[PDB]
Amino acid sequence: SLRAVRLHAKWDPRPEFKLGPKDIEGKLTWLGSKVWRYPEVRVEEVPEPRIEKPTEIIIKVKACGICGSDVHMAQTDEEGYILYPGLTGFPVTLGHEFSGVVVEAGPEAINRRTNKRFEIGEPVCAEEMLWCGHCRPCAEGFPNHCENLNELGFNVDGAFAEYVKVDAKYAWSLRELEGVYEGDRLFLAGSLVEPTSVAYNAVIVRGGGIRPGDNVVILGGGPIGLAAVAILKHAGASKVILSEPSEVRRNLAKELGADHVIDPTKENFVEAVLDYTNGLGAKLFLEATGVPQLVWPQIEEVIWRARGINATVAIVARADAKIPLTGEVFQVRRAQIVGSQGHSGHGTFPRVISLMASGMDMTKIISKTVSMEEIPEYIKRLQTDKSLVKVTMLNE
């Protein structure tokens, strides 16, 4: 009587593949696209989750967003290999951008909000990055770089399901959203915390944030770029400029508070940015396109010509191609480059929840809510349908 969206695939590695040190033959690899072949995504029966450890909770799922990584796990190259390049342990229940209600909690399952055992009925979201808590990075406070990481919806059953079990240490209360987001809207808001927290980690934690009055430039208007728009407007950016080919995304960015939006295929990016900032340029650039080798010369030209100094370029999207870095630009303009990944640690989750509670409405980016049954359809449709910004499962 229980059902979830699951991905099955054939372990059939490419000839260059050698089993990685943390890979498990036939079951788990750190290099998905080298190994897993002919992915199939279907709704299927699953056994009931059960509390195995005293710190575990079982959440009844209300909403779950489809990530671009979900699309890439289910999509193939010409040879039938998945596009998704990273950690994958199939078969798995997909979905990691979620919220729901706690329906069961082991005796040691603590809610950080109360520092007491999780109570039935608590609305929660959870982290996708399942950090171990004991390794050297975790012990220094850097869980996004855990040496023993697992990933919800990648190799641990996720949340395109009726129920999902996770350790309490990954769950965060949505109680603050109550009476700000009525009914289902609370859970929609909750399901956007993970991708907003990716953006938050990138611009606030790794980026170093801004002083109010600073300008920022975001490249890429997907979910992460869009969350950056809202976050940095809320952080007090005087000008928030987003560069993005897609019109629906540029329009969304305006709803989220972008002061200017650029279509880089029809406008000169460099000139628009300099004009918009009166030659000052920006304190922070967020590279969220995934084509940094293509946008990098433009970013450098702004940094070079701008009168502002101390610019940070935060790289959050994944790409393979090399970046054409001109050392001199960063020397002469007192600028720097940081990489970002993940959404865990640093109190990022709770601050994003508080920020949502205090008015920051990300639910605007949800193009469509759908039933669990329609999720396989939309996962496939997102391979080509550029009009869809964010599709969210909603259990009604």
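One-based numbering along the sequence shown.
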Identify the stretch, either 46-54 or 362-370, whose C-alpha atoms have the larger mean B-factor according to the entry. 46-54
255-263 versus 197-205 - which carries the larger mean C-alpha B factor in the record: 255-263
According to the deposited entry, which of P85, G213, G190, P107 has the largest Cα B-factor? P107
Compare the CA B factors listed in the entry for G26, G32, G68, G345 and report the winner. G26
Would the CA B-factor of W296 place it in the lowest, middle or highest third of its chain? middle
Quick one: classify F118 as lowest, middle or highest third of the chain based on its Cα B-factor. highest
Would you mind checking where the Cα B-factor of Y276 ranks among the modelled residues of its chain, as the lowest, middle or highest third? highest
Determine, from the deposited record, the chain-internal third of the Cα B-factor for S246: lowest, middle or highest. highest
Mind checking which third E182 falls in for C-alpha B-factor across the chain? highest
